[PDB]
Every structure is written in structure tokens, then in C-alpha cells.
Amino acid sequence: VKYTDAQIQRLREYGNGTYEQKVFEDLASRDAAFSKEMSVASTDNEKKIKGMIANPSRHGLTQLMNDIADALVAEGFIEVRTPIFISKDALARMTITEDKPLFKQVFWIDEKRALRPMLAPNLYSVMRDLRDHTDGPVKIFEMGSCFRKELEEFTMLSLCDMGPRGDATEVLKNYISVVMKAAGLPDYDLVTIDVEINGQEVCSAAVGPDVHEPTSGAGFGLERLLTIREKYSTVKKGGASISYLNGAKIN
Amino acid sequence: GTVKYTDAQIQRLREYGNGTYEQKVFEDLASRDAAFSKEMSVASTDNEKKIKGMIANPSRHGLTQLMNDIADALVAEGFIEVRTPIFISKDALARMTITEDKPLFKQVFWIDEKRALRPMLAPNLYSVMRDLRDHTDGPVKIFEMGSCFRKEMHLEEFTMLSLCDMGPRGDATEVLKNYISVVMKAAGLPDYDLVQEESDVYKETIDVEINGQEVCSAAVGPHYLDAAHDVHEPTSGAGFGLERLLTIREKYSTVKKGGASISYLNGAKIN
Ligand SMILES: Nc1ncnc2c1ncn2[C@@H]1O[C@H](COP(=O)(O)OP(=O)(O)OP(=O)(O)O)[C@@H](O)[C@H]1O
Ligand SMILES: Nc1ncnc2c1ncn2[C@@H]1O[C@H](COP(=O)(O)O)[C@@H](O)[C@H]1O
Ligand SMILES: [NH3+][C@@H](Cc1ccc2[nH]c3ccccc3c(=O)c2c1)C(=O)O
Ligand SMILES: [Mg+2]
Ligand SMILES: [Mg+2]
Ligand SMILES: [Mg+2]
């Protein structure tokens, strides 16, 4: 006997335990355990919010962004910031056309512009222009909000490099290692390449997608990383919200 | 003399250059045009040097660094850093008194019939601060840094830093002035003026100006706005334009160079 779907939802509202795994042998014992775990979840949540107010910290998502960013700069990556608005033409050069399914997920701002659903269009542009100014490899990254109709707003970390690279795949796997280790998630699986933790995809990366330079890139979902690391019971608690703050429900 | 660079020449000089071209005066058109030619070459050269320096010495972004400098200073003062959604509701805008008839309403980017890109951080911050009051009897002090959007030193996407305090100990105006000092000093801009300005949302604000350029609007209340958000105690708050601060501190010739861009990187044009 397990918690009902409704009970799971109620437990996850204020609690960050792993309630789906629990089994009982009696509706009566399920119900008694549920009552106790709901009370513990709620009191634990209240104590946690009372603690943040009393000892404020950098936001958990901001802290994670800083930890990863300082690691990438030490690896030689330039941090860039690009606009949230992108053009329809930019999406089309990404092959996101009325045909592709991602297109139907795009938030349009007007007839010619959209909220970016990924960071790559802008980063490709910046990377290519930076290469106009140097003979060497160019390595950049951005962290920022992306938007898709479904989290509808999520924070992507995208890194990319252009230029000569001995063993592109090995180099890309090392970039992934730098990020994951800096994020506090050193244990993960690789599946052009996907990063999974217990089957949950947290990164998609690839080597080398009219003359072009060698290029590779990796995109991480930072709320997903934070959720896994802090063992929050939903992906809606660690990022931007007016209901949650650093894992705790404020209302 | 009395001859200046033309408006078009000023725009051309500022594309790659961060000098103060609007101050130049010349005897005649020939001397103006000769100086323009020389200064355009200097600007392009200096710009290329800056780009090559950034490539040789990769760094955090200047806007990110400013955001961290100020945020660390506020957390040290006991402010909670929050992050709230970019999307907000039409009702939330109405609660700020941003309704159909108001000028700012015409500046709003709508996502659908009920939701918009936030033009300001106050709507979400009011909600969060009010809910945090449910959990403490003491001061509630929060801030957010994040993109806001307006149809328009103006950008259509800009980064606001908004702070607010519900129930501070002491006079709300002196407390607000001290918080402004913390931010401005942490931003590397200790010299500024505080100027009363009119506001259709707040009635009157205290603005932070540097050489006449607004970089922040701040206010206590007003009471009708607090009551509209179920807040029944003294509140204050301040909203800073981070690109404006960075532009002034780094002496960039336009506000488009230090923030998010596909043409500029930390003051230098890459294309
Ligand atoms: N379009 C914009 N681009 C860049 N910064 C902006 C923009 N609008 C506002 N800001 C910054 O946000 C701060 C707080 O926003 P506020 O609502 O007071 O702006 P505002 O009074 O409309 O400004 P302005 O008179 O300069 O248009 C402003 O002091 C300014 O520093
Ligand atoms: N709707 C979403 N919510 C949260 N994270 C997302 C979302 N879409 C994509 N991501 C993250 O972004 C990464 C790259 O996305 P994609 O470009 O779709 O492969 C994924 O591996 C996820 O971690
Ligand atoms: N005038 C700008 C500046 C502004 C001024 C007063 C404020 N007071 C507040 C009170 C509670 C919650 C948040 C705020 C806050 O954002 C805030 C911001 C704007 O709002 O765009
Ligand atoms: Mg304005
Ligand atoms: Mg103004
Ligand atoms: Mg103002």
C-alpha cells in the first residue's frame, strides 16, 4: 500500500522527502504515517523559512551560477550575456521552423521576435564574431533565462568553443566534468551526448554540428541540477518563484 | 569655435569609441571633419585593443560582477536575495496602478491576454515580502536583480536591482538613504545626488542622479500602494538600473555596451 497520488502531492507541497517509495500494509497505517509526515514537513518548512530570514544568504540558484561560472573562467572561458529577445530569422537558422516541434513552444513577442528558448543562437553569433579578433580558440559561456511553453522559465548554462581541438569529444567531456564538479554533482552518467543522473537528463552536449570551424557545446538546466543536489521534491522550489524560496514554501 | 561634431558623427564615434565627443568644438567644417577622421581611427584602434585583452584574459562579465558586488554587500546587511519570475499577471500590474489609461501600460510587453513581461520588480517583491512577514515579527529586507522589459539611456531589456524593507527599525527615509549608500558604495559610485522627482505610481520618489542622470528611483510607500498589496506598515524600497550604473562608472559612451548584447562585450564592439 502506498501513499495516494493526492497524498504525495500534499506531502510535496511543504516537504522535500522521498514519499513515493514508502509502502504500508494497511489504509490505517498509511493514513497514520501520512498525518505524521505532513506535520513534520510543515514544521520543518516553517523552521527553514524562519532561518533564512534570520540568516540571509545568496540565493541558491545565484550561488550555483557563481560556483560554476568561476570554474569556467578558470578554465579560460569568457562569460557573455546576451538578450532574451531573439529574431524569428535567428530561430530559423537554428532550424526551429514552423515544422519543428520546438517552434510551437516558442513565446512570440511580436511578428519577428521571440523569447529565446535556448542560448545557442546568440552564443553562436558572439563566438563567431570573437573569432574575427584572434588566431586562437574561443571559449565562452552564458547563464540566463530561457522560455518554452509547457518550467516555462528556466535557467540554462550554455558553453561553447570554436577552433582547433585535439580530440573534440574528450575535450567536451572534460568541460562537462568541470561544470558537474563545480555544481557539487560529481557522480553522473553520459548517454551527441547527454548527461543523466538516475535517468534524469540535466545536460545535452554535442561536438561539431559554407566552411565552418570545429565547434562543440553543452547546455545544462541549472534548476534541475539544484533540485537534484538539494533533494527538493519538485523542480519548482529552487529557482525563481513567488511561492518558494530556496526550497521552502513561503505561503 | 562654435562648430560641433554632427549628430551622425557623434553616433559614428560612439559606435566603437568611449570618449566624450559631444564636448568638442571647432572653428569650421574642415577642422571638424579632419578631427572626426582622426578620432574615428583612434576609437577603432582602442576598441580592438580592448577586445584582444578580454580574449587574452577571460573574466566574469562586467554586469555579472557588478550584480555580485552589490548583492554581497546587501546580504552582509541582512537582505534576503530572492529570484522571481519574469512573467507577471495583468492583475499584478493593475495592483501597481498600471492600468489601461496609464503611460507605463503602453510600454508593457504582453505574452498573452493575462500575462506580461515584468516592467519592474515591485509586483513580485510585494508578494514575497508580504508572505515573509507571516514568518517574523522583525524587519523584512529583500532584494532581487533581474531583467525587466519596456517598449521604449534606455534599453528594452534592462537589469533592475530592487530592494525593499518592511518594518525597518528607525525613520523609514533615513533607513532608505542608508540602503542607497550601501548600494552606491558597493557599485563603486560613492558620489551622487538625491533628488525629489514626481511619479505617477509613487506620487513622489527620491531619485539617485549622477550629473543629472537618473540611476535609481526610491520611495517610502505610499500608503495606497501598500494597502493594495495587503501591507499595513511602513515600507520603503529602491530600484536601480544596473546598466546605467555600469555605463557611468566605466565611462561608456552609450548604455548599450555594458549589459547583454550580441554586438558589445564589456564596453567593446565585437562586430
Ligand atoms: N528602459 C530602461 N533602460 C535602462 N534602465 C532603465 C530603464 N527604465 C528604467 N531603468 C532604470 O530602472 C530604475 C528604476 O525604474 P523607474 O521605473 O524609476 O524608471 P523611470 O523613472 O521610468 O526612468 P526614466 O525616467 O530614465 O525613463 C530607473 O532609475 C533606471 O535606472
Ligand atoms: N522546460 C524546461 N525546464 C527546465 N529545464 C529545461 C527545460 N527545457 C530544457 N531544460 C534544460 O536544458 C537542457 C538543454 O535543453 P535542450 O536544448 O532542450 O536539450 C536540458 O538538458 C535541461 O536540463
Ligand atoms: N520606481 C521604480 C523604483 C522603485 C521605487 C520604490 C519601490 N518600492 C517597493 C516596495 C515594495 C516592493 C518593492 C518595491 C520596489 O520595487 C521599488 C522600486 C520601480 O518600481 O520601477
Ligand atoms: Mg521611463
Ligand atoms: Mg524617471
Ligand atoms: Mg524613476
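Residues numbered from 1 in each chain as written, not as in the entry; some residues may be left out. Chains lettered and ligands numbered in written order. Heavy atoms only, no water. Residues with missing side-chain atoms left out of burial classes, pairs and counts.

- Its PDB header attributes the entry to X-ray crystallography and lists the resolution as 1.5400 Å.

### Thoughts on the overall build of chain B
Reasoning step 1: Summing up its helical and strand segments, chain B has 8 helices and 11 strands in all.
Reasoning step 2: Along the three orthogonal principal directions, the C-alpha set of chain B runs to about 70 × 40 × 35 Å. (Helix = DSSP H or I, 4+ residues; strand = E, 2+ residues; numbered from the N terminus.)

### With respect to the nonpolar core
Reasoning step 1: Membership of the largest hydrophobic core comes to 37 residues, with the highest contact counts inside it found for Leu245 of chain A together with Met96, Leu132 and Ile142 of chain B.
Reasoning step 2: Counting residues per element, this core draws most heavily on helix 5 (residues 122–133) of chain B, which supplies 6 residues.
Reasoning step 3: Those residues within four positions of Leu132 of chain B in sequence are excluded, and the remaining contacts are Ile49, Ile53, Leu245 and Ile250 of chain A together with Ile80, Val140 and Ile142 of chain B.
Reasoning step 4: If you look at the next biggest cluster of nonpolar residues, it comprises 32 residues, including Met143, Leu172, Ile193 and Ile197 of chain A. (Core = buried A, V, L, I, M, F, W, Y, C linked by side-chain atoms within 4.5 Å. Buried < 20%, exposed > 50% of the residue type's maximum accessible area, 1.4 Å probe, protein only. Contact = heavy atoms within 4.5 Å.)

### A short note on unusual backbone geometry
Residues and elements named next belong to chain B.
Reasoning step 1: Here the bond from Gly221 into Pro222 is cis, since omega is 5°, no more than 30 degrees from zero.
Reasoning step 2: Positionally, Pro222 belongs in the loop between strand 8 (213–220) and helix 7 (223–228).
Reasoning step 3: Phi at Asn211 is positive, roughly 50°, even though this residue is not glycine.
Reasoning step 4: Tracing the chain through its elements places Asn211 in the loop between strand 7 (203–210) and strand 8.
Reasoning step 5: Residue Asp230 is not a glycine yet carries a positive backbone phi of 65°.
Reasoning step 6: Tracing the backbone shows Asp230 in the loop between helix 7 and strand 9 (235–241).
Reasoning step 7: Relative accessible area serves as the criterion here: at 37%, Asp230 is assigned to the partly exposed category.

### Topic: the packing of helix 3 (residues 60–74) of chain A against helix 7 (residues 222–230) of chain A
Residue and element names in this part refer to chain A.
Reasoning step 1: Across the interface, helix 3 lies against helix 7 with an axial gap of 10 Å and an inter-helix angle of 105°. In this view, helix 3 runs roughly perpendicular relative to helix 7, as classed from their interaxial angle. Residue-level contacts link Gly60, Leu61, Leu64, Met65 and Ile68 of helix 3 to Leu222, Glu223, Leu225, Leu226 and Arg229 of helix 7. (Axes fitted to C-alpha atoms, helices over the stretch in contact; angles between N-to-C directions. Parallel < 35°, antiparallel > 145°, perpendicular 65-115°, else oblique.)

### Focus: the environment of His59 of chain A
All names here are of chain A.
Reasoning step 1: By secondary structure assignment, the location of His59 is in the loop between helix 2 (27–54) and helix 3.
Reasoning step 2: Between the C-alpha atom of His59 and that of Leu91, which follows or precedes it by 32 residues, the distance is 32 Å.
Reasoning step 3: Engagement of the side chain of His59 in a polar contact is seen with the backbone nitrogen of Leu61, the distance being 3.0 Å. (Polar contact = N/O pair within 3.5 Å; in protein donor to acceptor, adjacent residues only side chain to side chain.)

### With respect to the interface of chain B and chain A
Reasoning step 1: Counting from both sides, the interface comprises 49 residues of chain B and, opposite them, 48 residues of chain A.
Reasoning step 2: Roughly 4400 Å² is buried in total at the junction of chain B and chain A, and carbon and sulfur atoms are behind 61% of that figure.
Reasoning step 3: Looking only at chain B, the three residues that lose the most surface to chain A are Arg60, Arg83 and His135 of chain B, adding up to 17% of its buried area.
Reasoning step 4: Here chain B and chain A share 6 salt bridges between them.
Reasoning step 5: Put simply, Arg115 of chain B and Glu152 of chain A hold a salt bridge, and the shortest N to O gap is 3.2 Å.
Reasoning step 6: The tally of links from chain B across to chain A stands at 25 residue pairs in polar contact.
Reasoning step 7: Every element with two or more residues in the side of chain B that touches chain A is listed here: helix 2 (29–56), helix 3 (62–76), strand 1 (80–81), strand 3 (115–117), helix 5 and strand 4 (140–149) of chain B.
Reasoning step 8: The element best represented in the side of chain B that touches chain A is helix 3 of chain B, accounting for 7 residues.
Reasoning step 9: Here the residues of the side of chain B that touches chain A sort into 25 nonpolar, 14 polar and 10 charged. (Buried area = accessible area lost by both parts, 1.4 Å probe. Salt bridge = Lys/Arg side-chain N within 4 Å of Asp/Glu carboxyl O. Nonpolar A, V, L, I, M, F, W, Y, C, P; charged D, E, K, R; others polar.)

### Quick notes on the sheet that holds strand 7 of chain B
Residues and elements named next belong to chain B.
Reasoning step 1: The strand order across the open sheet formed by 7 strands is 1-4-5-9-8-7-6, and the pairing between neighbours is mixed. Two strands lie at the open edges of the sheet, namely strand 1 and strand 6 (193–199), each paired on one side alone.
Reasoning step 2: Bridging between strand 8 and strand 9 involves 5 bridges; their strand directions are antiparallel. Pairing of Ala219 across the sheet is with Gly237, part of strand 9. (Pairing = 2+ DSSP bridges.)

### Thoughts on helix 7 of chain A
Reasoning step 1: For helix 7 of chain A, every residue scored as buried is listed here: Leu222, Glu223, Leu225, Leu226 and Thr227 of chain A.
Reasoning step 2: Of the residues one or two after helix 7 of chain A, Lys231 of chain A is the one with positive phi, at around 60°.

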